[PDB]
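The file my_file.txt comes next; it holds compact mmCIF, C-alpha atoms.
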# COMPACT_ATOMS: atom_id res chain seq x y z
CA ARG L 41 9.23 44.84 8.69
CA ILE L 42 5.72 44.65 10.16
CA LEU L 43 4.90 42.53 7.10
CA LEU L 44 7.51 39.91 7.96
CA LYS L 45 5.72 39.39 11.28
CA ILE L 46 2.25 38.88 9.82
CA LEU L 47 3.89 35.97 8.06
CA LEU L 48 4.58 34.63 11.51
CA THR L 49 1.03 34.93 12.82
CA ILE L 50 -0.24 33.11 9.72
CA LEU L 51 2.40 30.42 9.84
CA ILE L 52 1.99 30.07 13.61
CA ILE L 53 -1.74 29.86 12.99
CA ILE L 54 -1.14 27.26 10.29
CA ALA L 55 1.23 25.83 12.86
CA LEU L 56 -1.50 25.43 15.48
CA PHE L 57 -4.03 24.36 12.84
CA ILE L 58 -1.88 21.25 12.62
CA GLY L 59 -1.71 21.13 16.40
CA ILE L 60 -5.43 20.54 16.83
CA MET L 61 -5.16 17.91 14.11
CA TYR L 62 -3.02 15.95 16.56
CA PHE L 63 -5.69 16.50 19.21
CA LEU L 64 -8.07 14.63 16.91
CA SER L 65 -5.83 11.67 16.07
CA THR L 66 -6.54 10.37 19.58
CA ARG L 67 -10.09 9.11 19.12
CA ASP L 68 -8.98 6.21 16.94
CA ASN L 69 -6.86 3.39 18.38
CA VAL L 70 -3.88 1.34 17.14
CA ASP L 71 -5.32 -2.01 18.14
CA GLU L 72 -7.40 -3.17 15.18
CA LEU L 73 -4.36 -4.44 13.41
CA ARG L 74 -4.45 -7.42 15.75
CA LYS L 75 -8.20 -7.82 15.21
CA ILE L 76 -7.82 -7.41 11.46
CA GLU L 77 -4.99 -9.84 12.14
CA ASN L 78 -7.91 -12.20 12.53
CA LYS L 79 -10.15 -12.67 9.50
CA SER L 80 -12.21 -15.11 7.42
CA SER L 81 -9.14 -15.64 5.26
CA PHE L 82 -5.87 -14.75 6.93
CA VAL L 83 -2.11 -14.83 6.52
CA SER L 84 1.22 -13.41 7.69
CA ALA L 85 4.12 -11.95 5.70
CA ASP L 86 6.98 -14.05 7.07
CA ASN L 87 5.03 -17.05 5.76
CA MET L 88 4.72 -15.85 2.17
CA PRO L 89 7.08 -16.14 -0.81
CA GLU L 90 9.25 -13.04 -0.90
CA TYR L 91 8.39 -12.33 -4.54
CA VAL L 92 4.78 -12.02 -3.48
CA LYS L 93 5.92 -9.52 -0.87
CA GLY L 94 7.98 -7.53 -3.36
CA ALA L 95 5.11 -7.83 -5.84
CA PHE L 96 3.64 -4.88 -3.96
CA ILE L 97 6.62 -3.47 -2.10
CA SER L 98 8.53 -2.61 -5.27
CA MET L 99 5.29 -1.12 -6.61
CA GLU L 100 3.92 0.92 -3.72
CA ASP L 101 7.32 1.39 -2.06
CA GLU L 102 10.61 0.57 -3.75
CA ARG L 103 12.34 0.74 -0.37
CA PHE L 104 9.61 0.19 2.19
CA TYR L 105 11.66 -1.13 5.10
CA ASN L 106 14.08 1.81 4.73
CA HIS L 107 11.64 4.58 5.55
CA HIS L 108 10.14 4.98 8.98
CA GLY L 109 6.55 4.91 7.80
CA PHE L 110 7.03 8.02 5.65
CA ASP L 111 8.58 8.81 2.27
CA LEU L 112 8.90 12.56 2.74
CA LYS L 113 10.86 13.24 -0.47
CA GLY L 114 9.12 10.73 -2.71
CA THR L 115 5.76 11.58 -1.14
CA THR L 116 6.32 15.27 -1.77
CA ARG L 117 7.44 14.41 -5.30
CA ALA L 118 4.29 12.29 -5.33
CA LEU L 119 1.83 15.06 -4.57
CA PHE L 120 4.08 17.21 -6.81
CA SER L 121 3.40 14.85 -9.68
CA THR L 122 -0.22 14.06 -8.88
CA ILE L 123 -1.13 17.57 -9.94
CA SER L 124 1.47 17.34 -12.69
CA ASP L 125 0.62 13.84 -13.98
CA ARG L 126 -2.67 12.87 -12.44
CA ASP L 127 -1.10 9.44 -12.04
CA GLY L 130 2.79 5.57 -4.57
CA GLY L 131 3.66 8.04 -3.58
CA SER L 132 2.28 7.27 -0.15
CA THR L 133 4.18 4.08 0.77
CA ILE L 134 2.53 0.98 2.20
CA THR L 135 1.94 2.01 5.81
CA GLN L 136 -0.42 4.98 5.47
CA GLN L 137 -2.35 2.96 2.86
CA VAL L 138 -3.39 0.70 5.74
CA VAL L 139 -4.21 3.63 7.98
CA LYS L 140 -6.38 5.07 5.20
CA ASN L 141 -8.16 1.78 4.63
CA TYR L 142 -8.31 1.35 8.40
CA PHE L 143 -9.80 4.61 9.63
CA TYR L 144 -11.37 6.55 6.78
CA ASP L 145 -12.51 4.61 3.72
CA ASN L 146 -15.54 6.75 2.90
CA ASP L 147 -14.01 10.24 2.91
CA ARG L 148 -11.08 11.91 1.15
CA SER L 149 -9.46 15.18 2.23
CA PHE L 150 -6.28 17.06 3.05
CA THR L 151 -7.40 17.48 6.64
CA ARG L 152 -7.74 13.71 6.48
CA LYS L 153 -4.37 13.47 4.78
CA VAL L 154 -2.94 15.05 7.92
CA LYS L 155 -4.54 13.05 10.76
CA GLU L 156 -3.37 10.15 8.64
CA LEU L 157 0.33 10.80 9.28
CA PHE L 158 -0.08 11.20 13.02
CA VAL L 159 -1.45 7.69 12.77
CA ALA L 160 1.62 6.84 10.70
CA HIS L 161 3.93 7.58 13.63
CA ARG L 162 1.73 5.52 15.94
CA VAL L 163 2.18 2.19 14.14
CA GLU L 164 5.83 1.74 13.22
CA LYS L 165 6.21 2.43 16.92
CA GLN L 166 3.57 -0.20 17.72
CA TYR L 167 4.21 -2.66 14.88
CA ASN L 168 7.14 -4.35 13.15
CA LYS L 169 7.73 -3.54 9.49
CA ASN L 170 6.83 -7.10 8.48
CA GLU L 171 3.47 -7.30 10.19
CA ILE L 172 2.20 -3.87 9.13
CA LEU L 173 2.99 -4.97 5.58
CA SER L 174 0.79 -8.00 6.16
CA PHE L 175 -2.01 -5.97 7.73
CA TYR L 176 -1.87 -4.15 4.42
CA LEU L 177 -2.53 -7.24 2.30
CA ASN L 178 -5.21 -8.70 4.53
CA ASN L 179 -6.90 -5.33 4.24
CA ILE L 180 -7.53 -3.88 0.77
CA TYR L 181 -10.06 -4.19 -2.10
CA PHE L 182 -9.50 -6.92 -4.69
CA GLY L 183 -11.26 -7.83 -7.99
CA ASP L 184 -14.56 -9.07 -6.58
CA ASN L 185 -15.62 -8.64 -2.96
CA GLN L 186 -12.29 -9.72 -1.46
CA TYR L 187 -10.09 -7.78 0.94
CA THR L 188 -7.29 -10.07 2.05
CA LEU L 189 -4.67 -11.31 -0.39
CA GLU L 190 -5.66 -14.93 0.20
CA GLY L 191 -9.30 -13.90 -0.11
CA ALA L 192 -8.74 -13.32 -3.81
CA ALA L 193 -5.94 -15.84 -4.39
CA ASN L 194 -8.32 -18.79 -4.40
CA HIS L 195 -11.05 -16.70 -6.00
CA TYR L 196 -9.04 -15.95 -9.12
CA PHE L 197 -5.85 -17.97 -9.10
CA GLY L 198 -7.21 -20.84 -7.02
CA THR L 199 -3.68 -20.86 -5.65
CA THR L 200 -1.88 -20.01 -2.42
CA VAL L 201 0.22 -17.12 -1.14
CA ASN L 202 1.60 -19.47 1.49
CA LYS L 203 5.10 -20.72 0.85
CA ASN L 204 3.92 -23.59 3.02
CA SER L 205 0.63 -24.33 1.24
CA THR L 206 0.28 -27.91 -0.03
CA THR L 207 -3.40 -27.46 -0.97
CA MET L 208 -4.24 -24.94 -3.67
CA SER L 209 -1.35 -24.54 -6.13
CA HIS L 210 1.67 -22.39 -5.29
CA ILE L 211 1.50 -18.66 -5.99
CA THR L 212 3.03 -17.66 -9.31
CA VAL L 213 5.01 -14.57 -10.22
CA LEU L 214 2.96 -13.67 -13.27
CA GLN L 215 0.03 -13.62 -10.87
CA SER L 216 1.63 -11.43 -8.24
CA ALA L 217 2.03 -8.20 -10.25
CA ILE L 218 -1.58 -8.43 -11.26
CA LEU L 219 -2.35 -7.88 -7.59
CA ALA L 220 -0.12 -4.88 -7.14
CA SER L 221 -2.31 -3.65 -9.97
CA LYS L 222 -5.39 -4.66 -8.03
CA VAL L 223 -4.55 -2.48 -5.03
CA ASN L 224 -6.10 0.36 -7.00
CA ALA L 225 -7.10 -1.54 -10.15
CA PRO L 226 -10.87 -1.63 -9.49
CA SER L 227 -13.10 -1.06 -11.07
CA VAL L 228 -12.58 0.47 -14.51
CA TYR L 229 -9.91 -2.19 -14.76
CA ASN L 230 -11.02 -5.78 -14.25
CA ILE L 231 -9.02 -8.89 -13.44
CA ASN L 232 -11.31 -11.05 -15.56
CA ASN L 233 -11.31 -8.95 -18.73
CA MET L 234 -8.43 -6.46 -18.93
CA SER L 235 -7.68 -3.46 -21.12
CA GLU L 236 -4.58 -2.61 -23.15
CA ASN L 237 -3.16 -0.08 -20.71
CA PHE L 238 -4.22 -2.46 -17.96
CA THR L 239 -1.88 -5.06 -19.39
CA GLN L 240 0.71 -2.26 -19.51
CA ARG L 241 1.31 -1.77 -15.79
CA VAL L 242 1.98 -5.23 -14.36
CA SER L 243 4.84 -5.45 -16.86
CA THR L 244 6.14 -2.27 -15.29
CA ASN L 245 5.24 -3.60 -11.84
CA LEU L 246 7.13 -6.82 -12.54
CA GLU L 247 10.09 -4.98 -14.01
CA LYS L 248 10.88 -3.39 -10.63
CA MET L 249 10.57 -6.68 -8.80
CA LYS L 250 13.29 -7.54 -11.30
CA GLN L 251 14.88 -4.10 -11.04
CA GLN L 252 14.96 -4.05 -7.25
CA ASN L 253 15.75 -7.72 -7.69
CA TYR L 254 12.91 -9.27 -5.73
CA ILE L 255 13.24 -11.72 -8.63
CA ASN L 256 16.25 -12.92 -10.58
CA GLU L 257 16.25 -12.82 -14.35
CA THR L 258 15.11 -16.32 -15.28
CA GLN L 259 11.77 -16.04 -13.46
CA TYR L 260 10.79 -12.83 -15.24
CA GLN L 261 10.21 -14.01 -18.82
CA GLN L 262 8.38 -17.04 -17.55
CA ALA L 263 6.23 -14.23 -16.20
CA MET L 264 6.54 -12.33 -19.49
CA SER L 265 5.45 -15.24 -21.65
CA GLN L 266 2.38 -16.89 -20.12
CA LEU L 267 0.93 -13.38 -19.70
CA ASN L 268 0.72 -12.65 -23.43
CA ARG L 269 -1.34 -15.59 -24.68

Write-out of the structure in structure tokens:
Amino acid sequence: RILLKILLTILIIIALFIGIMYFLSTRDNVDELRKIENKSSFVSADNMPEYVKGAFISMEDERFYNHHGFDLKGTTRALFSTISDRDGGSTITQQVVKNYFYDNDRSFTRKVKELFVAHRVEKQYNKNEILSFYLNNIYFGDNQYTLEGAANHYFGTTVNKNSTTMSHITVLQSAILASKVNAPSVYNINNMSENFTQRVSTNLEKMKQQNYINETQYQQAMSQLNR
């Protein structure tokens, strides 16, 4: 029975190991997202075609508005399949937090602070705006980090439903960007591979699957792509 108590001490010590981790979370603030809500090229979600929105949602989080900034079962399955696939499963929120606080370093201990920062944003930000902070903060093909910052670069078009200037966003251009979110740099948006071409089709299929797009619009995104 003495052995079943040493399990305690360890777990309690793992338990407090995660306590201190909270202690650390403090030093970084929640406020950038308004600053990064200003940028050389900026946009908001509620002023973007929904299929652009789902172009990433479906991909990085099938049901992003449903979770409260954490996909505990899919995320577990995620890290359960990372080691078992080497191929989500962190939704859209944390992604921002990652790109926000710690771009240079990767770690588990980082993986943890990360989630404390996950709590701190759904509670300080609506699930539409965080989504947008996501898009106006990420790495695209060339040196672009907002969604609009690459839109004109590559597609010379616009992610604004409103935009009367630079051609309306297309569907068959939107998956390509869900790809982008991690696509660089082995994969390139200028000259693609054969497995590269593979994914967006998958990516699109969910936008169809989870119905961010009806049927008709999908083949017109499955035709112009193979030419």

Query - Residues near segment 209-222 of chain L, cut-off 10 Å, only C-alpha atoms, skip fewer than 4 positions along chain, as a PyMOL selection string - result: chain L and resi 88-89+91-100+177+180-183+189+192-194+196-205+226-227+229-231+238-239+241-247+249+255+259-267

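With all atoms listed in the file as the atoms that count, the minimum distance from residue 224 of chain L to the choices L:127, L:70, L:106, L:59 is reached by L:127.
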
Report task. Kindly indicate which residue among L:190, L:254, L:57, L:153 lies nearest to residue 79 of chain L, using only C-alpha atoms for the distances. Result ->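 Checking each candidate against residue 79 of chain L, we get L:190 as the closest.
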
What lies within 12 Å of residue 64 of chain L using only C-alpha atoms, ignoring chain neighbours under 2 positions off, as a short mmCIF file (atom, residue, chain, number, x, y, z; two decimals) with C-alpha atoms, keeping the file's coordinate frame?
data_model
loop_
_atom_site.label_atom_id
_atom_site.label_comp_id
_atom_site.auth_asym_id
_atom_site.auth_seq_id
_atom_site.Cartn_x
_atom_site.Cartn_y
_atom_site.Cartn_z
CA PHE L 57 -4.03 24.36 12.84
CA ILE L 58 -1.88 21.25 12.62
CA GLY L 59 -1.71 21.13 16.40
CA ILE L 60 -5.43 20.54 16.83
CA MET L 61 -5.16 17.91 14.11
CA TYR L 62 -3.02 15.95 16.56
CA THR L 66 -6.54 10.37 19.58
CA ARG L 67 -10.09 9.11 19.12
CA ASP L 68 -8.98 6.21 16.94
CA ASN L 69 -6.86 3.39 18.38
CA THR L 151 -7.40 17.48 6.64
CA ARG L 152 -7.74 13.71 6.48
CA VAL L 154 -2.94 15.05 7.92
CA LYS L 155 -4.54 13.05 10.76
CA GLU L 156 -3.37 10.15 8.64
CA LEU L 157 0.33 10.80 9.28
CA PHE L 158 -0.08 11.20 13.02
CA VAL L 159 -1.45 7.69 12.77
#

Axis-aligned box for segment 106-116 of chain L, 4 Å per side, centre and edges in Å as AutoDock Vina command-line options:
--center_x 9.9 --center_y 8.5 --center_z 3.1 --size_x 16.3 --size_y 21.5 --size_z 19.7

Query raised in the report: In Å to one decimal, how far is atom CA of residue 169 of chain L from atom CA of residue 105 of chain L?
Result: 6.4 Å

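Of note, atom CA of residue 110 of chain L and atom CA of residue 133 of chain L are spaced 6.9 Å apart.
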